[PDB]
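K.L.:
Protein chains in written order, with the entry's author numbering: chain I, 89 to 350; chain L, 89 to 436; chain H, 105 to 108, 144 to 467; chain M, 74 to 434; chain 9, 1 to 76; chain 8, 104 to 376, 401 to 499; chain J, 255 to 304. One structure coming up, written as structure tokens, with questions to follow.
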Amino acid sequence: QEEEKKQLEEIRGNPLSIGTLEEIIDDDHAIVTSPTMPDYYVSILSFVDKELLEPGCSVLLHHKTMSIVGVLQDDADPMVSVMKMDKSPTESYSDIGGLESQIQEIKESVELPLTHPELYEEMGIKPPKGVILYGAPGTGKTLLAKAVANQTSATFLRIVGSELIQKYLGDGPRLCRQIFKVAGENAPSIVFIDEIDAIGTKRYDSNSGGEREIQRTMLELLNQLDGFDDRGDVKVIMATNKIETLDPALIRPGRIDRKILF
Amino acid sequence: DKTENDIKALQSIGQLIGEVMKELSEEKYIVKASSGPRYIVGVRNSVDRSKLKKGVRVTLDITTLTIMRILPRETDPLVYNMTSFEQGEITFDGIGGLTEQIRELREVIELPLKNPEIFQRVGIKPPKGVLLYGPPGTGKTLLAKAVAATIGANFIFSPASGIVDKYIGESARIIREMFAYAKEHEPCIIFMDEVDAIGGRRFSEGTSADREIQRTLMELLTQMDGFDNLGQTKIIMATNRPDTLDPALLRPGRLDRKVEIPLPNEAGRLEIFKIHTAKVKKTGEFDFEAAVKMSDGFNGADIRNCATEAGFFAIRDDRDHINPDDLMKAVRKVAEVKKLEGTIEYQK
Amino acid sequence: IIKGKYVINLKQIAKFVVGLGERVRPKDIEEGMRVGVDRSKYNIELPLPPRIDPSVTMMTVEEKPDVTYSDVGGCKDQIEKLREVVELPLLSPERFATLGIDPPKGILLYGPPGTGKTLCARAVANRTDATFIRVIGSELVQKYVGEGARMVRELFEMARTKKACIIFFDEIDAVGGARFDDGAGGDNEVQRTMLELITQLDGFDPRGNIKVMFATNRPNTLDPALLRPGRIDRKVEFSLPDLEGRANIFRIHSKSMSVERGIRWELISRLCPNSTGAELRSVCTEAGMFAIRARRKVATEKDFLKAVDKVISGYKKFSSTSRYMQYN
Amino acid sequence: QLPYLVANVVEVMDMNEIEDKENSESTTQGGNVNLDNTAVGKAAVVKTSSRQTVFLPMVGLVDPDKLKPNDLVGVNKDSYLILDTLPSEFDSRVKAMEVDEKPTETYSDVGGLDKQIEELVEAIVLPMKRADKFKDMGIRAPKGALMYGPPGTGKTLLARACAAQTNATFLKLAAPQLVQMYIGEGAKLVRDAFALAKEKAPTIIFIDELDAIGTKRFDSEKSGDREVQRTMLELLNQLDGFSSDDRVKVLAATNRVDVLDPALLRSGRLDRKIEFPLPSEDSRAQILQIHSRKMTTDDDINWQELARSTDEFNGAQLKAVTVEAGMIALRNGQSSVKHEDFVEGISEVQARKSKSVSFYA
Amino acid sequence: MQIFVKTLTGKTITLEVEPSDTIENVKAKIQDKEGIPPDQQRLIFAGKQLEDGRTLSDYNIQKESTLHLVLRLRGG
Amino acid sequence: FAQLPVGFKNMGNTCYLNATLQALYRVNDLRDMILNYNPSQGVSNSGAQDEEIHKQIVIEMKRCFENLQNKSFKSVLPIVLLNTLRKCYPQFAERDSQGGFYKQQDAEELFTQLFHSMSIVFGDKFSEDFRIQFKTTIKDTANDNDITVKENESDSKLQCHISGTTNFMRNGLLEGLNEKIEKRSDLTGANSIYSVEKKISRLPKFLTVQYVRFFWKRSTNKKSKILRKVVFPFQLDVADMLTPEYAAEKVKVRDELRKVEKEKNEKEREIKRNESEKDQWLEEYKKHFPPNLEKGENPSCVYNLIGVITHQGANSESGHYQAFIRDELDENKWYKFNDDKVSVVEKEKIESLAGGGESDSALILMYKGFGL
Amino acid sequence: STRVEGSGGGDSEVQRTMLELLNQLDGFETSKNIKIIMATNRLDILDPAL
Ligand SMILES: Nc1ncnc2c1ncn2[C@@H]1O[C@H](COP(=O)(O)OP(=O)(O)OP(=O)(O)O)[C@@H](O)[C@H]1O
Ligand SMILES: Nc1ncnc2c1ncn2[C@@H]1O[C@H](COP(=O)(O)OP(=O)(O)OP(=O)(O)O)[C@@H](O)[C@H]1O
Ligand SMILES: Nc1ncnc2c1ncn2[C@@H]1O[C@H](COP(=O)(O)OP(=O)(O)OP(=O)(O)O)[C@@H](O)[C@H]1O
Ligand SMILES: Nc1ncnc2c1ncn2[C@@H]1O[C@H](COP(=O)(O)OP(=O)(O)OP(=O)(O)O)[C@@H](O)[C@H]1O
Ligand SMILES: [Mg+2]
Ligand SMILES: [Mg+2]
Ligand SMILES: [Mg+2]
Ligand SMILES: [Mg+2]
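Take a look at the structure:
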């Protein structure tokens with residue numbers, strides 16, 4: 089430790105001057121734009137692993153001539169706070185007890201493949217993908233999802249259906265696009281979209297909510313969920329009870345496999 | 089010596105402009121620099137205290153920050169393009185048929201301009217403010233170039249959207265500083281030209297752009313009416329539809345007379361036909377009257393496209409004259425291409 | 105470029156006179172080219188590629204998946220037409236010069252949702268060994284308009300810098316559908332990026348080795364200014380699988396499935412009507428769930444019967460069973 | 074020599090020539106006889122891109138006639154002195170307007186729609202060359218030419234072809250480019266498109282598409298289309314005389330003419346209105362042959378047979394029939410492009426696959 | 001004997017040099033017009049480098065030939 | 104897949120030799136000829152007594168290669184070859200003035216001089232392997248009033264002339280075999296400008312392409328290096344720089360070879376989820416090779432990229448040569464030779480060696496006929 | 255001025271988010287402290303999903 093840090097601090101500050109990684113160049117350089125507004129065509133010291141850093145990373149630049157001293161993994165935005173949990177859903181299995189025939193279509197295709205890939209190596213083919221929950225209000229639909237994600241301890245994102253709709257346009261689909269990038273970044277992933285009947289009954293103004301917004305968000309979500317992306321295994325859990333606010337490219341199966349009636 | 093002069097300027101240094109914001113004591117002044125932030129500064133003895141008033145431009149030093157001298161008023165780079173607009177000038181009667189509107193314009197503008205004193209007897213608020221509105225192509229602006237030339241008073245003029253910046257309230261400061269310049273100037277005519285997006289209403293379910301509209305609009309209201317009331321500087325406002333405008337820009341007592349300049353009449357087209365045929369060569373053409381009346385649809389700009397199109401039928405025949413054989417195929421053709429879309433407007 | 144110094148705008152906003160330093164030709168320096176200049180006194184050190192405005196187009200360049208050509212969204216000549224329009228003139232321009240034709244660059248991929256229209260293009264993406272840049276049509280919309288005009292434009296010219304690349308315009312059913320004026324709506328601000336997508340395809344210079352794919356769920360509403368046959372040229376409909384085409388897909392799906400012999404894939408096609416090959420992709424997984432309740436390492440014929448029955452009932456329960464989303 | 078800041082000139086204001094006993098200054102100072110007290114000579118205030126202004130006694134090598142009150146000058150960045158004068162700067166986007174050595178296609182690689190080629194040459198090209206015959210006759214030259222009609226009629230092609238042929242400067246502009254999220258910076262693309270244009274006159278300002286600025290609306294209630302139209306209102310300001318619209322022209326192509334503002338209907342803006350028709354029987358035959366010029370074909374085909382079997386086609390579709398012939402040709406395995414393959418590219422690709430549903434017709 | 005020399009930028013210039021002249025003479029005549037010293041110059045013909053102590057006709061180079069100029073580099 | 108290859112360590116100031124060697128032994132016939140040297144190998148006389156120093160270079164490569172194949176080793180010594188190079192060409196024994204030792208220079212030159220030695224010893228049958236023959240037509244602009252055809256123009260490696268029109272190697276090669284040769288002697292007048300086109304009439308079996316990467320600034324009167332992204336593809340097709348005659352035959356054979364290549368590209372991936404498989408594909412390919420095969424002939428006009436010498440840092444007079452070579456059994460698995468520091472690298476690392484910036488970029492690119 | 259023909263209050267849209275969190279707030283760290291005291295002019299001008 090002692091002799092390694094001597095030469096660690098040689099090329100480190102005093103100020104460590106956060107940058108934003110615009111693009112890499114492959115010669116051990118990158119073009120950063122700083123929050124303080126001057127660009128730098130930075131080097132890269134080459135102990136932080138040259139290509140382990142990608143656009144959107146936050147970079148530590150040296151107090152003198154800028155080299156990428158190092159790279160910060162994680163920079164807490166308040167925008168992934170909304171998705172991420174701050175509380176534990178202490179009611180799990182058998183506090184939503186009953187519907188023990190409609191919990192074998194979410195713990196034989198959502199919880200169980202993640203817990204055991206063993207059973208799904210045996211059949212081969214690709215494991216279950218997605219579910220849609222629907223039925224009459226007060227059948228525990230909202231809590232079921234929170235109760236299987238408590239037990240697996242996979243990365244629980246939860247997003248409300250009424251925050252996808254903003255009174256601002258175009259940044260709605262960017263929010264939805266974020267949610268699945270976090271899911272793909274975190275290998276075991278369960279995304280609860282709570283309420284996606286709240287996309288066809290809810291609108292604000294007519295110039296940034298309205299129909300155009302509703303079409304855009306729906307389409308973004310197809311690319312995210314599977315589309316062309318080929319991203320990490322995301323289980324999707326959708327609460328809805330109005331099942332014609334959803335695309336005819338989403339309520340076909342092979343994205344959402346078995347459908348659950350309550 | 090031409091290079092010796094270059095050495096004595098090069099060895100001098102610059103100076104930083106401010107204005108006297110506020111007297112603190114008598115040997116210390118608050119200035120607001122043109123770099124921005126206010127400073128507290130001292131003075132050279134060469135400047136006298138009683139020539140230091142507030143709103144007077146001063147030099148400062150750039151290494152001592154001390155007034156050496158009073159400087160003339162600062163003026164916008166933009167408004168020096170605006171006195172370089174008067175081109176496109178024409179005679180007193182340079183829109184034919186809308187001649188009745190020229191007379192109506194000068195009542196408000198030129199009659200109090202020469203003598204404000206004939207209105208003292210009358211006892212009214214000095215006539216200020218004009219709105220022009222019509223279907224485009226009737227020379228609302230062509231008239232402005234005529235009333236700049238004929239009177240010969242200081243003239244400005246504004247680009248449409250090139251006095252819209254990227255800073256909210258910096259696009260207010262500019263238009264503020266052209267009014268000041270225009271009040272220092274004797275009998276100045278101020279044309280706001282094609283204000284339609286720089287006069288919008290409250291919106292703000294739009295983008296952030298509509299708050300630039302709104303900041304900039306408020307500046308006009310204070311200027312027109314506050315402790316500035318204009319009696320020698322005159323406002324002329326040109327718009328293409330007068331319900332694009334917010335109703336404090338449709339408020340008379342800032343806009344006393346709201347003048348409509350219409351589409352040329354049946355025989356207002358004819359009055360342009362007699363002036364634009366002396367702007368061309370001909371073997372002789374005085375047979376306008378029936379044909380133009382009954383190939384109506386035109387606006388004032390389309391009379392000069394009938395002239396140009398008669399010079400295309402000429403080019404086919406190989407002539408350097410306008411023959412009425414050339415023209416009456418022209419008025420038939422210019423009319424037909426203009427059937428493309430209406431110009432339907434409902435005016436107050 | 106001032107003919108013999145240059146006027147640069149720093150990223151500090153501050154404008155300066157710079158010249159050529161110690162390793163640059165004048166030939167090197169273009170107009171609109173970025174340059175690195177020395178922080179202390181401004182002089183061109185190193186030329187740099189054009190424009191640091193693209194940084195959110197560096198999230199839409201992605202690396203190709205591994206999907207064998209052999210796996211297809213259905214066995215038809217239909218993927219072979221795609222192989223004449225996109226694939227073959229990239230490997231051998233020898234034949235398209237003898238014909239003397241200029242290869243068709245455009246294609247539409249259209250038909251009912253879920254047939255694997257993108258599946259046959261992911262197969263092609265492993266195959267061509269030409270860079271794929273993929274686009275989202277509802278990621279081209281932002282609060283301030285004219286921001287999205289900029290984004291679209293820079294992506295396309297970056298493909299013009301490249302040679303042998305494919306820009307796959309996905310999900311242009313929102314932005315790329317037919318323009319129409321409202322008169323009160325904010326529909327105009329969206330119609331702006333539609334117009335930018337038209338004027339880049341044709342350019343003022345024709346496409347510099349850009350094969351263009353349009354992924355549309357719908358052929359029904361698309362712009363006649365993007366549907367014109369001069370930039371989408373030959374367009375091959377990949378339609379619903381048949382009684383045989385569904386057996387073919389299901390033979391791949393049950394090949395990848397550890398199964399026991401005695402199965403009929405011809406039967407399964409009988410049982411299903413004209414329906415997606417994503418339906419058939421979920422026969423196997425729901426048959427894998429009936430295998431697991433019983434505790435098997437294999438699937439048989441029987442569990443495919445139940446699986447098929449389940450998917451069919453849900454189709455009635457919803458809409459889109461053979462639907463194009465009506466019309467032609 | 075470099076480096077040195079580049080600034081704009083606020084004004085020239087000028088303090089009196091130094092021969093006076095009493096300072097040299099317009100704005101007179103206290104104290105009796107001055108010359109170099111705080112009296113300095115000729116004065117220029119320049120405004121920097123370092124966001125300030127400075128009053129200097131400027132260099133006398135460069136005249137107050139070589140100083141405009143909006144001229145782009147060098148200022149020395151070590152200490153602000155007007156160093157020298159520099160060309161006026163336009164945006165890099167506006168510097169992308171001029172040609173790359175733009176290929177010509179003359180009027181002779183555009184077959185069909187003959188009457189349109191003649192109507193464009195008349196509107197734009199000849200008033201530039203024969204401006205002398207315009208002054209002697211006494212007419213004005215038009216202020217632009219509109220092109221309108223269905224997509225696929227060669228509008229975009231013609232403009233490139235005709236601009237290059239007399240080598241009138243083909244300025245390359247996209248309508249959506251003017252629409253930028255930066256306000257009062259999109260408008261400088263409109264302004265410098267004319268600042269450039271008069272230096273590079275005779276010239277053609279080709280805006281491809283007119284619909285991104287050209288809106289029907291200009292009373293827009295509660296939308297952000299009031300920022301968009303500000304590149305449209307600033308456009309009409311420069312199609313009103315300050316002269317320099319008599320050699321500076323405009324071409325415009327658009328696919329739909331019904332979304333344009335009524336201030337683009339009127340003359341003095343777009344004056345000449347050429348409609349580009351969907352080709353007739355003879356016309357279609359020409360267009361097909363202009364593609365077949367490039368490619369190997371069978372000699373047993375007749376361009377009149379081909380003209381029978383197309384009904385209401387335009388040139389983009391006839392691009393889609395000559396190329397489609399060679400798809401069918403390669404698939405057979407034949408070197409040449411069969412005369413049956415020209416007939417079969419019409420039906421294979423129309424612009425649509427069969428004629429739609431029929432269930433009672 | 002007339003030969004042609006292809007420069008770094010794909011530009012062919014002429015040179016008149018004898019069949020009894022060393023490569024030091026070739027590089028000398030080229031050093032005048034490019035401002036490039038002999039010790040960086042590399043003259044290639046037939047893929048073989050043309051060393052300074054051997055003459056032009058030791059590589060069997062006679063007229064109507066084109067030599068290819070490239071520049072060296074150092075280090076290690 | 105591969106063993107764990109060994110490298111050369113430095114003696115200090117030694118990487119300019121080490122890096123380049125790795126690449127030369129990738130070339131199949133090159134490694135064979137030195138391995139199989141006898142004292143029964145001849146020479147080619149036309150005037151040189153440097154033919155016996157040529158022999159000495161060949162033993163040192165044989166044994167340097169011998170260490171490379173052996174694994175009793177972590178260091179290949181370059182040491183006797185270095186003395187032997189300095190003896191053979193004494194411009195490497197010049198002192199560096201206020202620098203380091205006996206002078207260090209240059210991957211380009213290096214290959215030229217080592218290839219000179221090898222073509223004498225191993226005969227002309229080996230000379231032809233890299234030797235490229237053109238058909239050059241020196242022909243007037245306007246009507247020809249004089250013509251000369253030179254097939255005595257030759258190279259042994261192509262020159263990609265970077266004009267700043269290089270965005271791809273193919274472009275500058277294709278308009279670097281087009282040049283305008285100015286005259287000075289009355290043939291139709293003195294300084295009449297001729298359009299000259301070289302088209303290839305004989306491809307080599309091993310293609311070498313050298314980048315011109317240098318500029319002499321006349322605007323400072325000082326040499327520099329320029330770099331810049333010039334993309335080279337993995338699969339280089341050079342069909343368009345041939346004469347029609349040679350092309351039709353190579354392109355017809357290529358299409359059959361593409362079918363076997365396609366079956367390989369599917370099959371290789373399957374069995375994963401090497402030397403023996405390689406030998407079966409070679410046997411299949413040779414049936415489709417034309418029966419006109421000889422030394423120095425490619426039975427395709429398609430090549431794959433098997434080696435890159437890279438150069439880093441600032442302006443010319445500066446270099447730290449590492450080299451990258453592609454495996455002899457694999458085609459996405461490449462070894463990085465950082466003197467005696469050896470590592471596995473991927474296809475992505477190879478692409479970035481097209482330059483831009485102020486570090487590693489291609490100077491020499493080594494191919495071999497068709498793929499593997 | 256359109257957000258109460260939009261969804262009956264755009265405030266009621268945000269309120270639904272609040273209240274939906276609230277479905278698990280009696281157990282996370284032991285026992286609500288954050289009471290959401292909602293208020294409105296009449297209880298009938300709330301959607302029946304509240
Ligand atoms: N099987 C059950 N056992 C225990 N509690 C249940 C069960 N089903 C529902 N509840 C309770 O009913 C209430 C509402 O159900 P939940 O919020 O879980 O989803 P829902 O069906 O979408 O209904 P809503 O959103 O209208 O309240 C919760 O307090 C939940 O604990
Ligand atoms: N009334 C007219 N008589 C003669 N020429 C005219 C007339 N109106 C317009 N023109 C011609 O058209 C040019 C441009 O028209 P102008 O800008 O004057 O119209 P405007 O009515 O103010 O339109 P807008 O309301 O769109 O600004 C003139 O400079 C002139 O050449
Ligand atoms: N024929 C098929 N074979 C196997 N799987 C398929 C098939 N068709 C669809 N799928 C499954 O569906 C997934 C997503 O479908 P894809 O994105 O390919 O849709 P599409 O045909 O473009 O339709 P949409 O209009 O819904 O976008 C595929 O990744 C695959 O798992
Ligand atoms: N009359 C014609 N003669 C020759 N070829 C034609 C003709 N019209 C169109 N083409 C061919 O079709 C191509 C595409 O049409 P082009 O883009 O020129 O037309 P447009 O009417 O301006 O439509 P858009 O604005 O949608 O691009 C042309 O580049 C050309 O190859
Ligand atoms: Mg609930
Ligand atoms: Mg006007
Ligand atoms: Mg899709
Ligand atoms: Mg176009």
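We put the CB at the ideal spot given by N, CA and C, even for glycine.
Which residues mark the beginning and the end of the alpha helix (DSSP H) in which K381 (chain L) is found?
P.N.:
Here the alpha helix (DSSP H) through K381 (chain L) covers 377-381.
K.L.:
Determine the chain I residues that contact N287 (chain J) at a beta-carbon separation under 8 Å, and present them in chain order.
P.N.:
Result: empty, since nearest Cβ-Cβ is about 12 Å, beyond 8 Å.
K.L.:
Can you confirm whether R319 (chain I), when its beta carbon is compared against all beta carbons of chain H, has any partner nearer than 8 Å?
P.N.:
False, the Cβ-Cβ gap to chain H never drops below 8 Å.
K.L.:
Using a threshold of 8 Å, state whether the C-beta atoms of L379 (chain H) and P252 (chain H) are closer than that.
P.N.:
Contact flag unset, no.
K.L.:
For the pair the stretch 260-279 of chain 8 and the stretch 333-346 of chain 8, tell me if three or more CB-CB distances fall below 8 Å.
P.N.:
Yes, they touch.
K.L.:
Okay, do the stretch 110-119 of chain M and the stretch 86-100 of chain M touch, 3+ Cβ pairs below 8 Å being the bar?
P.N.:
With the cut-off at 8 Å, the stretch 110-119 of chain M and the stretch 86-100 of chain M touch.
K.L.:
Hey, is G281 (chain J)'s beta-carbon within less than 8 Å of any beta-carbon in chain I?
P.N.:
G281 (chain J) counts as touching chain I.
K.L.:
Distance cutoff 8 Å, beta carbons only. Does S20 (chain 9) sit that close to anything in chain 8?
P.N.:
Not closer than 8 Å to any Cβ of chain 8, the Cβ of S20 (chain 9) fails to qualify, so no.
K.L.:
For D466 (chain 8), is the beta carbon positioned less than 7 Å from some heavy atom of ligand 8?
P.N.:
Every heavy atom of ligand 8 is 7 Å or more from the Cβ of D466 (chain 8), so no.
K.L.:
Kindly indicate which three-state DSSP category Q189 (chain M) falls into: helix, strand or coil?
P.N.:
Correct three-state label for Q189 (chain M): helix.
K.L.:
Applying the 10 Å Cβ sphere with the 16-neighbour rule, what's the burial state of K139 (chain M)?
P.N.:
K139 (chain M) is exposed by the Cβ-count criterion.
K.L.:
Which value, in whole angstroms, describes the spacing of the CA atoms of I256 (chain L) and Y255 (chain M)?
P.N.:
About 12 Å.
K.L.:
Would you say the beta carbon of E282 (chain L) is closer than 7 Å to some non-hydrogen atom of ligand 2?
P.N.:
Yes, the beta carbon of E282 (chain L) sits closer than 7 Å to at least one heavy atom of ligand 2.
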